[PDB]
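Asks: Sharing a structure here in structure tokens format.
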Amino acid sequence: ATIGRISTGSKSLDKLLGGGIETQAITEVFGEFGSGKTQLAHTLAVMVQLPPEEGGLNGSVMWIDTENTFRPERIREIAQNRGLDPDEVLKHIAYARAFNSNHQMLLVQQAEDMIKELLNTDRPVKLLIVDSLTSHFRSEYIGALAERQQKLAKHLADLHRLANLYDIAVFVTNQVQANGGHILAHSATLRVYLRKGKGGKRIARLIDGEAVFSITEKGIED
Ligand SMILES: Oc1cc2ccccc2cc1O
């Protein structure tokens, strides 16, 4: 398959990304608590459902939530201010809460079943969100970093295999603050550092110029 792109909703961020996040890729966004990673995830879950002329892929979404941070009412707001029907947008987001890191790993295998079911339809899965990818692994493997890296490595390999095999954009969030961070090391296809700036602006930079955007009723925008 050719490489598809999903607009983030922000022209600035899209330019930094070469058009949007890529299918057949894992995009990892990392930054402190409150930097806007989950807002970007919510926006992408709407944007992907637009036609390509508007920066989408007419795609379905799968969302794995580890922190109970998915908000359908926020999806509705973004959809209504992106000219989509909110009920239709929500109907094309498959949502699961991961209870712990082992369940999170099983949910990625389950996602493959729904990906296969929709593959030949007019609304194939085009976006898989894992928010937050690292939170359960971090809490469960305190004092056991070597074992944590083993399990994370397999989890990321699973996510790569889905991105490439099924032409999906995988978007993952990772909270990194004070003294923290191996990030995801070199595992993602693309690392994006997100941070707060003056006056509520958000600033994004590729790790390995800068885009500036705001969080609004449209999700994110310049
Ligand atoms: O109905 C489902 C929703 C999911 C969402 C994310 C990951 C896996 C899922 C599996 C389902 O059957």
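Ordering of the structure tokens sets the chain letters (A, B, ...); residue numbers start at 1 within each chain; ligands are numbered from 1 in the order shown.
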Within 8 Å of residue 219 of chain A, counting only C-alpha atoms, which residues qualify if same-chain residues fewer than 2 places away don't, as a JSON list (two decimals) with C-alpha atoms, in the first residue's frame?

Replies:
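For reference, result_2.json as written:
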[["chain", "number", "residue", "atom", "x", "y", "z"],
["A", 9, "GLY", "CA", -6.05, 19.32, 12.48],
["A", 39, "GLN", "CA", -6.12, 16.06, 22.89],
["A", 40, "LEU", "CA", -4.06, 15.19, 19.81],
["A", 42, "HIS", "CA", -8.95, 12.75, 20.25],
["A", 43, "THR", "CA", -8.46, 15.05, 17.25],
["A", 78, "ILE", "CA", -14.48, 18.02, 17.69],
["A", 215, "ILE", "CA", -6.38, 23.28, 21.76],
["A", 216, "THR", "CA", -9.85, 24.43, 20.68],
["A", 217, "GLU", "CA", -13.37, 23.22, 19.92],
["A", 221, "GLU", "CA", -5.70, 24.06, 15.21]]

Asks: Can you work out which residues are within 8 Å of ligand 1, considering only C-alpha atoms and all ligand atoms, and then hand them over as a PyMOL selection string?

Replies: chain A and resi 62-64+93-97+107-114+128

Asks: Tell me, as JSON, numbers by chain, which residues lie within 12 Å of residue 82 of chain A, counting only C-alpha atoms; anything in the same chain fewer than 5 positions away does not count.

Replies: {"A": [8, 9, 43, 44, 45, 46, 47, 48, 49, 50, 51, 54, 55, 56, 75, 76, 77, 89, 216, 217, 218, 219, 220, 221]}

Asks: Considering only strand (DSSP E or B) as DSSP defines it on the backbone, what residues of segment 3-210 of chain A qualify? List them as a ChimeraX atom specification.

Replies: /A:5-6,21-22,25-31,60-65,93-97,125-131,169-175,190-196,202-207,210

Asks: Measuring atom to atom with only C-alpha atoms, identify which of A:104, A:124, A:205, A:38 is nearest to residue 59 of chain A.

Replies: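 Once distances to residue 59 of chain A are computed over only C-alpha atoms, the minimum belongs to A:124.
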
Asks: Quick one: residues within 7 Å of residue 211 of chain A, only C-alpha atoms, excluding same-chain residues fewer than 6 positions away - as a PDB file with C-alpha atoms, in the first residue's frame?

Replies:
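Written out: around.pdb:
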ATOM      1  CA  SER A  12       1.574  23.888  11.421  1.00  0.00           C
ATOM      2  CA  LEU A  13       1.845  20.396  12.893  1.00  0.00           C
ATOM      3  CA  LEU A  16       6.243  19.461  10.522  1.00  0.00           C
ATOM      4  CA  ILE A 203       4.790  23.324  20.669  1.00  0.00           C
ATOM      5  CA  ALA A 204       5.839  20.166  18.828  1.00  0.00           C
ATOM      6  CA  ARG A 205       9.335  19.151  17.744  1.00  0.00           C
TER       7      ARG A 205
END

Asks: To one decimal in Å, tell me the separation between atom CA of residue 131 of chain A and atom CA of residue 171 of chain A.

Replies: 8.3 Å

Asks: Which one is closest to residue 174 of chain A: A:197, A:4, A:36, A:52? Count only C-alpha atoms.

Replies: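 Of A:197, A:4, A:36, A:52, the one nearest residue 174 of chain A, counting only C-alpha atoms, is A:36.
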
Asks: Please measure the separation of atom CA of residue 125 of chain A and atom CA of residue 186 of chain A, giving the value in Å to one decimal.

Replies: 25.4 Å

Asks: Among segment 45-200 of chain A, which ones does DSSP place in helix (DSSP H, G or I), written as a VMD selection string?

Replies: chain A and resid 45 to 47 52 to 54 72 to 80 86 to 91 101 to 118 135 to 140 145 to 166 198 to 200
